[PDB]
Structures are given as C-alpha cells and as structure tokens.
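Student: Please find one structure pasted underneath; my questions will follow.
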Amino acid sequence: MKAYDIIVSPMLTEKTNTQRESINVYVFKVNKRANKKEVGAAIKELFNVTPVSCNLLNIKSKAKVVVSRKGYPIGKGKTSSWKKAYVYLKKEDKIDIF
Amino acid sequence: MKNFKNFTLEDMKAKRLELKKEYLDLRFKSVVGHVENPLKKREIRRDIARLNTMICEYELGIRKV
Amino acid sequence: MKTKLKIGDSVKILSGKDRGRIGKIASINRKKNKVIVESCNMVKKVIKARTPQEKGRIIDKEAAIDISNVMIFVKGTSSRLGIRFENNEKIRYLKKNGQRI
Amino acid sequence: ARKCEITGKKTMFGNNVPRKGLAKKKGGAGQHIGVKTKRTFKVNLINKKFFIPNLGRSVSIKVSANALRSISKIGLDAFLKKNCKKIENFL
RNA sequence: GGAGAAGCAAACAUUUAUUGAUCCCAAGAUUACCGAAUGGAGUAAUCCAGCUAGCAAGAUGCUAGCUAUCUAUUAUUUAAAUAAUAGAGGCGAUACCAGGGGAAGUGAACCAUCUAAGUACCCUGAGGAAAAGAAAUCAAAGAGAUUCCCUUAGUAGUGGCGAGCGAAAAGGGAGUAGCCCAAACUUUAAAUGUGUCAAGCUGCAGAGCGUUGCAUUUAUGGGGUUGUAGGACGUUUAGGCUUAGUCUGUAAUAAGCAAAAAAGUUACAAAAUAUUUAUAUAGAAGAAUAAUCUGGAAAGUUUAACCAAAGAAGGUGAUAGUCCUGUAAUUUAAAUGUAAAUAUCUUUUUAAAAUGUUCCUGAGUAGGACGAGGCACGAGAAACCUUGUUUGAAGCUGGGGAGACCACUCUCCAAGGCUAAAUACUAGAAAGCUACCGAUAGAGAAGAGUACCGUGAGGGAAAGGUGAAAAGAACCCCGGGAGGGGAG
RNA sequence: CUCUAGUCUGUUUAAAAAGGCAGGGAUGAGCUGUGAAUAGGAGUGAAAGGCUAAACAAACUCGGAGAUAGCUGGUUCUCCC
RNA sequence: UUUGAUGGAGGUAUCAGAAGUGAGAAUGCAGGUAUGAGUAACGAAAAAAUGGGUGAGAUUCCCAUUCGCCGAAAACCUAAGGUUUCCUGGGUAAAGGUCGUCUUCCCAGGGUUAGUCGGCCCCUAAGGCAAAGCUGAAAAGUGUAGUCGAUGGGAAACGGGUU
RNA sequence: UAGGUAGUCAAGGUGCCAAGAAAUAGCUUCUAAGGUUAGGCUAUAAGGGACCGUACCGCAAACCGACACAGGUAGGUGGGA
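First to last, the protein sequences are chains V, a, W and Z. Residue 80 in the entry's author numbering sits at position 80 of the first sequence; the count goes up by one each step and never skips. Residue 36 in the entry's author numbering sits at position 36 of the second sequence; the count goes up by one each step and never skips. Residue 31 in the entry's author numbering sits at position 31 of the third sequence; the count goes up by one each step and never skips. To convert, count from 1 in the fourth sequence and add 1; that's the entry's author numbering.
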C-alpha cells in the first residue's frame with residue numbers, strides 16, 4: 001500500500017483546530033489497514049517532514065434506525081467505521097496544505 | 001474519461017503518480033470545505049483505475065506496445 | 001425505451017388539451033416514456049425553491065406528455081415513421097409518403 | 002471395524018425369532034413366530050501372525066477363520082493377489 | 001446500439017457523453033478477509049510463524065511467493081522417510097438413484113403373529129440420470145440383453161387361513177447394440193527359487209552342452225471368449241520379400257512392410273483445426289385512420305376506410321389491428337459455449353473355409369448341515385437366490401435349472417469386467433398456457449424469514465391503491481404549532 | 001454476607017413466589033466470584049416421585065403427523081309429497 | 001327489478017357446463033368498535049416550599065435561598081454487561097403511567113490518543129482436540145506423542161495541569 | 001508533637017493434621033551437533049514500541065427481571081460523635 005492509500009483526508013473540527021494551534025498536532029482520517037509505522041512513513045513522504053510520534057484510534061460505526069416509506073422502525077442501519085490518527089511534529093515543523 | 005490510449009508504459013506510470021497527487025489534493029480541499037466540482041473526485045478515481053488496468057495489461061502482455 | 005423520435009423535431013399533438021398544436025420537442029424522459037413539447041401542456045406551478053424567506057413565486061412551465069400522444073409533422077404532413085438503409089445510414093422516412101425527414 | 006482386512010467381510014444384521022409350538026414334520030400342529038427383535042451376526046476375526054520368509058519377518062493381519070481356511074488352501078500371496086491387496090499394505 | 005447517462009425512485013447542484021457514453025453480451029484483468037480453509041493456532045471475518053525477494057529492514061514493520069492431509073501411480077528397502085505428478089475434501093436439488101441402518105402412532109374395534117414398511121429418518125456414494133444390463137434365463141410357450149407402460153389381475157398363492165399382503169409368464173408398446181479380459185499357448189525379460197545333463201528347436205545333417213536348465217511372481221505383445229469353442233497337432237494354404245522357427249545352408253513357419261476396415265456413447269487412447277445461415281449466449285427490420293359528437297381526457301358514439309403469415313399480450317388521460325413498444329413469417333455472431341458431419345489424426349485385421357487325438361475353459365467356488373433375510377410366498381410339502389457359522393465337489397465321459405424329492409426328457413453353460421437409448425427428478429434458465437389467485441386470497445414473504453420471542457436448536461407476523469399528470473395548496477386570516485377557514 | 005420456622009401485607013399484586021416484622025448459621029458438612037465436566041428411558045439427587053433454562057411419574061425443537069378416538073362440539077339457500 | 005342520491009369504470013340476457021357454489025353459534029380464526037367506566041390504579045408513609053429567569057404557554061424546565069433524606073450509602077473509583085445511551089446545538093408525531101420549554105425521546109454535529117493500564121505474547125490447572133496405535137455397520141468411540149485452553153504465574157510510572 | 005487505626009513487616013513466628021497447583025514461562029546454570037566477534041557480558045551514545053480495548057452507565061430510568069418494575073448486582077475506598 002503506497003503512502004497515498006494511507007492518508008485519506010484531514011479533519012477540520014474545533015477540537016483539532018485548537019490542538020493544532022496550541023501543541024502543534026495534526027489529525028487525519030486514515031485507512032483502517034494502516035498502523036503507526038506506515039502512517040509515519042506516509043506523513044514523511046507526503047509532506048517532507050518526520051513526525052515524532054503517531055497515535056491511532058478506531059472509531060466505531062454509529063447506528064441509525066431505519067423507518068419505512070410511511071415511517072416506523074424496520075431495522076438498524078449503520079455508518080462506516082474509520083480510523084483516526086493524531087500526528088505529533090517538532091515545534092519548528094509545520095504542514096502547509098491546511 | 002481522459003485520453004491516454006497512446007501513452008507508453010513509463011509515461012503512464014508518471015501520469016499515475018501525478019494523478020494520485022491530484023486526487024489527494026482534491027480530497028484535502030474538499031475537507032477544507034469548498035470545491036466547486038465535487039464530481040472531479042469520481043473522474044480522477046476512474047482515471048486512476050484506467051491506468052491500473054492499462055499498466056497491468058502491459059505486464060500481462062495482452063496489450064503490446 | 002427505444003423510440004424513433006429525435007430531440008429537436010417538430011411534432012403534432014394527437015390527443016389531450018392541445019389538439020393538433022404543433023411544437024418542437026425539447027426533452028425526452030425515456031425512463032417514464034414521456035416527452036416535453038415546447039409551449040404545450042402548459043401548467044402553472046408554485047416554487048419556493050428554498051426554505052430561507054426572501055420570496056416564492058408562481059411560474060409557468062410545460063409538463064411531460066406521453067410519447068404516444070405526439071406524431072412527427074414535417075412539411076405540412078404528419079405520419080408514422082419507418083426507417084431505411086441506404087448509403088450505409090439508418091435514415092428515417094415518413095410512412096405516408098416516404099421522404100427524407 | 003469387525004472387517005476382514007482381506008475379503009471385506011463385515012457383520013450382518015438380522016432378526017431374533019423365537020418360535021413356539023411343534024413343527025408339522027414332527028407331528029405338531031405347527032409353529033408360531035413370537036416377537037422378533039434386532040440382532041447382529043459377528044465375523045470372528047483373528048489377529049493372526051503370518052511369518053513371511055520372503056522378507057524373514059512376521060506380519061499381523063485381521064482375518065476371519067474363513068479367510069484363514071482359504072489361505073491354507075491356496076497360499077497367502079495368491080490369495081492377496083486374488084483380492085487385489087498387497088502385503089506391503091500391511092506392516 | 002445510437003442519444004442520453006451518473007443503480008434499485010426522484011429530489012440538490014456537479015460532471016461526463018457524437019473523440020460514440022450509459023447499457024446488453026462474450027472474454028480478460030482486478031479480485032480485501034472469513035469460510036472445504038489447507039504454515040501452526042483460533043472465540044469464523046485474527047493473532048503467531050519458517051523460508052525466499054524488495055522496502056535505509058532494523059529494533060514482534062510492510063508487501064509478494066511457498067510449507068495441510070488422504071488415496072492411486074514410482075524416484076528409493078511403495079512399511080519408515082521425504083520427492084514426483086495425478087484424483088479427491090466441501091457446497092448445492094427441504095429432488096431423483098444405489099448401498100448400509102431401520103422404527104414408532106395405526107389397523108387387526110384388545111394384543112403378542114401380522115399389518116403399516118423397507119415408511120419416515122439417519123449414514124455412506126457418485127451421476128445427469130442412476131441402478132441394472134447381453135441367460136449355468138424365462139418356462140412347457142418357442143422364444144431370446146436390461147429398463148419403463150397397457151393388460152394378464154385383485155388373478156395364482158400366502159396370512160393367530162384373522163385383518164390383510166399380493167405376483168410372474170405369455171401377449172400388446174415405448175426404446176434398441178452388443179462386447180471386451182483371465183485361462184488354454186507363445187514372445188520379451190526381470191525378480192525370486194531350484195538345477196550341471198541330453199535342457200531348449202518346425203523336422204535330416206554339422207555346430208551345441210546349460211540360446212537361464214526348468215518352474216512361480218511382476219511387466220509387454222501376439223494368441224483367443226462358446227447350445228464347447230478356442231489353442232498344440234491334420235492339409236490346400238500362407239499377396240510377396242527381408243529377418244529366424246537354439247547357429248549357418250534346404251522342404252517348412254513366425255516377427256515387419258503393400259492392401260482394407262473401424263474408433264473417444266461400451267467396444268484402444270490423446271487431440272487439433274478448417275468446416276454446418278446448426279444451436280446456446282448480445283441484436284436488426286417489421287405492415288395498415290381521418291372526420292364528427294359527448295366529455296377534463298376518445299381508443300368510445302357515428303360516418304367511411306386500409307392492413308393482415310401480424311385481430312397474441314401490454315402501455316397509451318374513458319373501451320386501439322392500423323398511437324407507442326411488440327406480435328406473424330423472417331433474421332445479427334467478432335468472441336465464447338454446446339453439437340454432429342467431413343477429412344486429418346489414432347488404432348486394428350495385414351487370412352479364411354476346413355477332421356480327430358491332448359491342454360484349458362474362472363475353487364474354499366457349486367452343494368450339504370445350522371442360524372437369518374430377500375422372492376407375492378409368515379417352516380408350510382417350501383423350490384430357488386443372497387447370506388453368517390462350519391463342512392465340502394466335479395473338470396463336457398461335465399455341471400446348473402424345470403416350486404420337496406427321484407428317474408427320463410427339454411433348455412442353459414456360473415463362480416471376469418463394461419454398455420447408449422426408452423425410464424426417475426426440476427432446486428432452477430428461457431419461451432408459453434390456464435372454466436388458477438387478486439391483498440383475511442395468492443409462496444411465510446406484492447415490503448421478509450425481516451420486526452419480534454427463546455440461552456440455543458428453533459418459532460414467526462401485520463402493513464398494496466391520491467390524481468390523467470405533484471401540476472404537493474403561491475399568497476392571506478385564526479393558531480406557538482398542528483389544523484382549519486379563503487384564494488389558486 | 002448467606003438461608004426461611006412463625007405471623008402479616010399482597011394474591012384482576014410492585015414481584016409468574018416478594019416485602020414488612022423476626023429467626024437459624026456466622027472459622028466451617030461455610031459463603032461466593034471466575035472457567036470447566038456429567039443430556040432424556042439418560043444425567044443428577046445429605047433422597048421430598050426433587051431438579052435439569054419460570055412448566056418434569058421421563059426435557060425441548062423438528063419430522064413421521066392431518067397419529068388414532070365406540071368421546072364431545074360444529075356442519076351455511078328455499079319449496080312440495 | 002324501477003325511480004333517486006352516492007360512485008367514475010367495466011359488467012352482462014338466453015341456453016349449456018363446471019364448483020373453494022349460500023354461516024347465527026364450533027370456550028371458531030382475523031380485524032374494528034361497545035360494555036364494565038371516566039370506575040380501579042397512576043407503582044412503596046425519604047417532603048417539599050418561595051422568588052427570579054427562559055418561553056406563546058411553568059406547582060413538574062433552569063437558577064437562587066430554605067427545608068427534608070441516605071451517609072459500611074441512596075457516595076466515589078474499577079468488573080461483569082449494555083454499545084452512543086457520552087458532549088454541544090435544535091425540536092416535541094409518538095413514547096415518559098399526568099403536564100412539559102425537559103428527558104436515557106428525536107435530528108444534526110462532535111467525542112475514546114498508551115513502551116509502563118487491561119489484553120495480545122511466552123507458560124501451564126481443570127478441560128478440549130489429537131498423527132500413530134487400538135476398538136467399532138457407517139457416522140465415530142477410546143487414547144499416546146503433541147498442541148490449545150485463566151478466574152493463575154511472568155519486563156517497565158508516578159504527581160499535577162489542560163478540553 | 002502526642003495517640004493510633006489498615007495495611008504492611010508476614011509466603012514471618014509459634015502450634016496442629018485434613019499434610020496443603022503445575023510450568024516446556026520467567027530468573028539462574030549446564031553441556032552436544034556447530035562456533036572462537038561467530039558470539040556474549042560489563043558500559044556509553046543514538047532510536048524501536050507491536051496490535052486491540054480506551055466515551056458513558058455500572059446498587060441503576062443505561063446490566064439481568066416482557067416495564068423508566070419495592071428484585072438479583074463482583075471487588076477496592078468505609079469521614080466525624
């Protein structure tokens with residue numbers, strides 16, 4: 001898996017924004033098959049900077065209840081689960097694309 | 001559907017790399033919030049798949065240069 | 001589904017409100033087998049177009065007529081359509097007389 | 002199983018049939034069948050040892066007394082050949 | 001195939017498509033992980049490796065490719081051990097077939113015989129059919145493999161002779177097809193035993209004393225398959241020659257070569273194309289209506305046509321042969337799949353009509369004793385077949401059968417192995433039909449084995465319809481809304 | 001922390017077996033968490049014909065099965081003799 | 001079978017044929033709705049009250065001041081389980097035994113960062129599978145070498161702060 | 001400062017009989033086939049952290065009782081008089 005199938009997209013959220021402003025942390029949606037090592041390697045190849053460390057989380061799928069055309073519960077649907085990555089850079093390092 | 005139906009193997013490889021650049025940057029801009037042509041994602045993805053088959057055909061020898 | 005009418009033709013409306021009124025084909029919904037004839041089957045419609053509250057308004061627009069209710073009309077004649085093979089071209093002609101469309 | 006390793010004989014299932022009365026060929030009015038039950042007739046396998054000088058060693062086979070009799074009549078090699086088995090399948 | 005497409009329904013704003021899209025068919029690529037799951041292990045969708053290649057490879061890094069087991073065949077002392085290929089594992093058909101296991105509820109107004117019944121079900125096997133299949137048979141008629149129907153026939157028999165169970169032959173049909181091994185002899189040897197003389201050879205002579213001398217087993221070819229014919233011996237023969245019928249040279253025979261016939265549906269095996277407007281899997285063309293009246297809407301009312309190998313069935317604003325799609329009769333095949341036919345290819349005979357002496361013609365087999373089952377037939381006079389425990393033959397100068405048995409007579413020739421078709425079955429695929437259903441009906445399910453219930457096995461619902469078209473009620477009034485009253 | 005004599009509420013209850021008062025055990029034949037083993041003519045039972053997924057003088061599910069009943073119930077429009 | 005209202009799209013004479021051919025009950029089945037009845041309850045005898053704010057609407061929401069209750073808990077921190085019920089914002093068809101501006105209700109968005117924790121891992125208890133061997137109609141049953149199997153045994157961290 | 005609960009010292013000590021897990025792990029050590037920087041130990045400097053769970057409820061309207069039910073519900077904290 002090339003370093004392009006690893007990183008999916010960043011996250012722009014209030015929590016991630018404050019974290020990035022304060023302690024220089026970048027949060028990405030990554031592929032569920034990645035791990036710490038190739039996430040770090042992918043960050044290096046993509047943005048030409050080596051991260052100090054990486055943390056990964058598995059976000060479970062959010063369940064929804066599906067109702068009929070009239071509308072009344074007939075089953076349980078679910079969103080897609082995904083993997084979230086916190087990436088820690090050196091205090092001088094930056095990522096510009098954001 | 002773009003036209004690569006005359007490209008050589010390594011030219012196709014270079015095309016694949018810069019199209020992967022384009023797809024990654026497009027995803028990033030979409031998340032940042034405003035991209036005028038969301039379907040560009042689908043178009044680029046299909047292009048990359050085309051390149052993957054065509055290259056594969058080169059190694060498999062089905063399509064000869 | 002399959003049909004022998006082309007967008008842009010001029011057709012005469014067989015049945016409906018608009019007897020024999022002749023108009024151009026603007027669009028064809030072949031999922032429902034319906035056709036939109038310009039300035040025919042002309043209905044009043046209301047649109048808000050969005051929930052924010054500047055204004056909404058009444059506009060006039062054509063409604064899709066069924067395919068079966070129109071018939072090609074060229075040079076003062078309306079008739080069925082057959083097709084012929086000449087010059088390696090699937091061309092169309094009028095069953096009543098047999099001319100180039 | 003209780004299976005002759007040469008021929009393939011296996012146990013045979015049948016009935017258990019009691020009879021009351023006296024057979025007509027003994028002057029009796031006849032016989033009457035009672036309550037039949039299920040039963041099995043068992044092959045009498047023997048775990049025999051045949052010493053084979055041809056490789057100077059003894060091979061142990063599960064054979065029935067019938068197969069032993071036939072081996073005594075015809076010879077072990079020929080009997081194995083007739084039932085399309087080979088001595089090396091044993092050991 | 002031609003103008004839209006972005007699934008199954010549109011919506012909201014983004015592109016693509018005449019550079020031939022979408023879609024349909026054929027083929028190929030990609031094809032995560034689990035699962036027969038097979039590197040080990042495991043709480044199925046996941047941790048742990050061995051080895052090799054590339055990632056600065058590296059500190060439990062990533063990716064690619066191998067190492068599971070059984071059976072058959074040999075590379076070896078096929079057991080042990082690895083190696084080599086070949087065939088299998090599981091699912092599917094809540095169908096069919098074969099083999100093994102085999103009830104119980106009932107009837108007999110009880111029940112124990114019997115019946116139900118080889119039924120349900122379990123288990124082992126494969127196939128598209130399976131099984132069976134070319135008479136040691138039916139059976140007293142002159143027939144002639146096996147299987148499936150109509151009759152025989154509810155007959156013949158059987159049955160605590162109670163209830164019940166229940167043929168076969170012949171005849172008339174569907175459908176057709178007969179064959180190949182072992183053994184008798186011989187060649188090529190090998191292995192294992194035994195053997196130092198007159199042991200091989202068609203017969204005179206010379207050579208010859210071991211062409212391995214004689215046997216068994218393994219492997220190869222010839223030889224042959226039955227109311228007792230095939231081989232060794234009896235001749236015409238033997239197309240014709242080359243080689244040799246222990247070696248050379250002759251009467252005298254085999255091994256090869258002209259000449260022919262068949263063959264992957266049994267009968268030897270492995271294919272490959274051309275070739276068949278043959279077929280399966282995408283398609284193309286396709287006939288013949290105007291007016292008038294009612295009505296929102298005509299296809300209908302009425303007045304006149306036209307087509308028809310097409311008045312089958314749907315949709316079209318109310319009821320269409322001629323409005324649209326289709327329908328009759330025709331017809332698209334690059335590629336793929338399935339079929340025959342033709343040669344190619346493969347294999348075989350490269351000979352038959354012909355008399356008597358010897359050899360073989362299927363061995364723990366036929367049969368008998370005891371204990372069981374299948375035959376319609378429950379020990380009954382109980383044949384016959386299979387079969388467990390025992391015993392045990394003949395060798396055509398023979399044996400089996402002809403419902404106990406004996407004699408005669410008439411038939412047949414087992415103890416080796418195959419065989420298409422007629423026949424069973426439809427989960428399904430396509431094309432069609434119905435005095436079949438129209439939402440409490442019809443599959444449980446027009447929305448699905450979902451919701452729900454139970455730890456699990458498992459059980460299991462209810463809910464179809466606006467209008468011809470959303471053309472979904474702008475705007476205004478009451479009300480927080482909902483909703484209603486107006487306006488459209 | 002584990003058990004239920006006696007009494008009462010409750011009994012179309014809050015609970016398809018509790019609660020309100022009380023009592024026995026309370027360093028032991030003790031209580032209990034977390035895994036595992038024994039399955040139907042069988043298991044288990046300091047033994048009452050108890051229990052084995054709220055029902056056990058032979059569990060439950062599926063199939064035979066629409067089992068058999070001399071027993072009970074039901075059996076739909078009309079007229080004439 | 002005639003006239004009307006309603007209804008807006010198929011029925012049907014005569015003759016003949018064929019049945020899933022006629023319901024008032026089976027403690028019948030399915031569905032709707034009466035009856036008891038605006039009656040019993042509205043779920044423990046720990047207890048609420050005032051003022052203010054939000055809101056169209058407040059005895060039941062929020063805030064504040066009093067009172068009351070538990071306090072070897074009715075408190076706090078971790079399992080067994082549940083699986084978004086957690087936080088922010090918006091809303092009240094139903095559902096909450098009433099009301100509701102509120103909720104574990106609904107909609108949208110957001111939220112779980114490990115070398116030191118718990119697993120994974122290297123080990124074994126009971127137990128399970130298990131080549132070979134042995135025993136059985138099949139299916140399997142026994143069982144050795146092995147391999148799995150924690151509530152057990154094994155390397156490493158504490159304090160404070162921040163949303 | 002004084003007093004001192006509950007651990008802990010302690011798998012201690014002292015007595016008793018019912019005589020009270022295993023380990024192929026870990027730690028330590030030993031030698032074969034093979035090795036003699038091939039390794040290992042004693043240090044320093046540099047960096048290598050696997051994969052998953054991680055919210056919240058958890059004596060309760062969020063678990064198990066058809067319920068927002070007077071029930072069951074493991075373990076560690078257990079203030080003051």
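No residue lacks a Cβ here, since even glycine has one placed at the ideal position from N, Cα and C.
Hey, does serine 9 of chain V have any beta-carbon neighbour from chain a nearer than 8 Å?
Tutor: Reading the first sequence from its first residue, position 9 is the one you call residue 9 of chain V. So, interface residue.
Student: For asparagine 69 of chain W, does the three-state DSSP call read helix, strand or coil?
Tutor: Locating residue 69 of chain W in the third sequence gives position 69, counting from the first residue. If DSSP states are grouped into helix, strand and coil, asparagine 69 of chain W belongs with the helices.
Student: How many Å lie between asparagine 35 of chain V and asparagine 48 of chain V at the Cα?
Tutor: Along the first sequence, read from residue 1 onward, the residue named residue 35 of chain V stands at position 35. Along the first sequence, read from residue 1 onward, the residue named residue 48 of chain V stands at position 48. Cα to Cα, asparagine 35 of chain V sits roughly 19 Å from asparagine 48 of chain V.
Student: Given this structure, state the Cα-to-Cα distance separating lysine 78 of chain V from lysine 31 of chain W, to the nearest angstrom.
Tutor: Position 78 of the first sequence, counted from the start, is the residue given in the question as residue 78 of chain V. Position 31 of the third sequence, counted from the start, is the residue given in the question as residue 31 of chain W. If you take the alpha carbons of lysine 78 of chain V and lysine 31 of chain W, they lie about 31 Å apart.
Student: Given this structure, state the Cα-to-Cα distance separating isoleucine 75 of chain Z from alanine 30 of chain Z, to the nearest angstrom.
Tutor: Position 74 of the fourth sequence, counted from the start, is the residue given in the question as residue 75 of chain Z. Position 29 of the fourth sequence, counted from the start, is the residue given in the question as residue 30 of chain Z. C-alpha separation (whole angstroms): 49 Å.
Student: Looking at chain a, is there any beta carbon in it that lies within less than 8 Å of the beta carbon of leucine 12 of chain V?
Tutor: Translated into the one-based positions of the first sequence, residue 12 of chain V becomes position 12. Answer yes: the Cβ-Cβ gap between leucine 12 of chain V and chain a drops below 8 Å somewhere.
Student: Output needed for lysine 44 of chain V: all residues of its chain with C-beta closer than 6 Å, excluding positions within five of it in sequence on either side, in chain order.
Tutor: Along the first sequence, one-based indexing puts residue 44 of chain V at 44. Within the same chain, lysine 44 of chain V has close Cβ partners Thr50.
Student: One question on the structure: do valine 35 of chain a and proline 10 of chain V come within less than 8 Å of each other, judged by their Cβ atoms?
Tutor: One-based indexing of the second sequence puts residue 35 of chain a at position 35. One-based indexing of the first sequence puts residue 10 of chain V at position 10. No; because the gap between Cβ atoms is not below 8 Å, this pair is not in contact.
Student: DSSP has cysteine 54 of chain V in a bridge; who is on the other side?
Tutor: Position 54 of the first sequence holds residue 54 of chain V. For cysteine 54 of chain V, which the question treats as bridged, DSSP gives the partners V:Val87.
Student: Could you tell me which chain V residues have their CB closer than 8 Å to the CB of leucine 24 of chain a, listed as they occur along the chain?
Tutor: Locating residue 24 of chain a in the second sequence gives position 24, where the first residue counts as 1. The answer, in chain order, is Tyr4, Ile7, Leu46.
Student: Consider the Cβ of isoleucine 43 of chain V: report whether some Cβ of chain a lies at a distance smaller than 8 Å.
Tutor: The residue given as residue 43 of chain V occupies position 43 in the first sequence. Cβ-Cβ to chain a under 8 Å: no for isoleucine 43 of chain V.
Student: Judging by CA-CA distance, which residue of Z:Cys5, Z:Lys25, Z:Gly35, Z:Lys27 is the nearest neighbour of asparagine 16 of chain Z?
Tutor: Start at 1 with the first residue of the fourth sequence, and residue 16 of chain Z comes out as number 15. Comparing alpha-carbon positions, the option among Z:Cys5, Z:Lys25, Z:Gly35, Z:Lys27 lying closest to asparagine 16 of chain Z turns out to be Z:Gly35.
Student: At 7 Å on the CB atoms, spell out the chain V contacts of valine 31 of chain a, in chain order.
Tutor: Position 31 of the second sequence, counted from the first residue, corresponds to residue 31 of chain a. Residues of chain V passing the Cβ test: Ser9, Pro10, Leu12.
Student: DSSP three-state label for residue 144 of chain V, please.
Tutor: Because chain V in this structure spans residues 1 to 98, residue 144 of chain V falls outside the shown range and cannot be described.
Student: Helix, strand or coil: which one does DSSP assign to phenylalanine 14 of chain Z?
Tutor: The count along the fourth sequence starts at 1 and reaches residue 14 of chain Z at position 13. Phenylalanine 14 of chain Z: strand per DSSP, three-state reduction.
Student: Let me check one thing: in DSSP terms, what residues is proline 73 of chain V bridge-paired to?
Tutor: Start at 1 with the first residue of the first sequence, and residue 73 of chain V comes out as number 73. Paired residues: V:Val67.
Student: Pull up the DSSP beta-bridge partners for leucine 23 of chain Z, would you.
Tutor: As a position in the fourth sequence, residue 23 of chain Z is number 22, starting the count at 1. DSSP output for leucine 23 of chain Z lists Z:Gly31 as bridge partner(s).
Student: Rounded to the nearest angstrom, what separates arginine 21 of chain W and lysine 12 of chain W at their Cα positions?
Tutor: Position 21 of the third sequence, counting from 1, holds the residue named residue 21 of chain W. Position 12 of the third sequence, counting from 1, holds the residue named residue 12 of chain W. If you take the alpha carbons of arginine 21 of chain W and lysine 12 of chain W, they lie about 6 Å apart.
Student: Could you work out which residues of chain V lie near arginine 27 of chain a, taking near to mean beta carbons separated by less than 8 Å?
Tutor: Position 27 of the second sequence holds residue 27 of chain a. Here the neighbours are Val8, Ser9.
Student: How would you write the range of the beta strand (DSSP E) that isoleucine 83 of chain W sits in, first residue to last?
Tutor: Sequence index remark: in the third sequence, residue 83 of chain W carries index 83 (1-based). Start and end: 81-85.
Student: For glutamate 22 of chain a, name the three-state secondary structure that DSSP assigns.
Tutor: In the second sequence, counting from the first residue as 1, residue 22 of chain a sits at position 22. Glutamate 22 of chain a falls in the helix class under three-state DSSP.
Student: State the Cα-Cα distance for the pair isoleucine 47 of chain W and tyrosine 23 of chain a, rounded to the nearest angstrom.
Tutor: Taking the third sequence and counting its residues from 1, the one referred to as residue 47 of chain W is at position 47. Taking the second sequence and counting its residues from 1, the one referred to as residue 23 of chain a is at position 23. Their Cα atoms are separated by approximately 38 Å.
Student: Mapping DSSP to helix, strand and coil, what is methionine 42 of chain W?
Tutor: Taking the first residue of the third sequence as 1, we reach residue 42 of chain W at position 42. Residue state, collapsed to three classes: strand.
Student: Pull out every residue of the region 74-98 of chain V whose Cβ sits closer than 9 Å to any Cβ of chain a, in chain order.
Tutor: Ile97, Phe98
Student: Could one say the Cβ of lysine 41 of chain a lies closer than 8 Å to chain V's Cβ atoms, at least one of them?
Tutor: Here residue 41 of chain a is taken as the residue at index 41 of the second sequence, counted from 1. Cβ-Cβ to chain V under 8 Å: no for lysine 41 of chain a.
Student: Listing by chain order, which chain V residues have their CB less than 8 Å from the CB of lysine 5 of chain a?
Tutor: Against the second sequence, residue 5 of chain a aligns to sequence position 5. What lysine 5 of chain a touches in chain V: nothing, since even the nearest Cβ is about 24 Å away.
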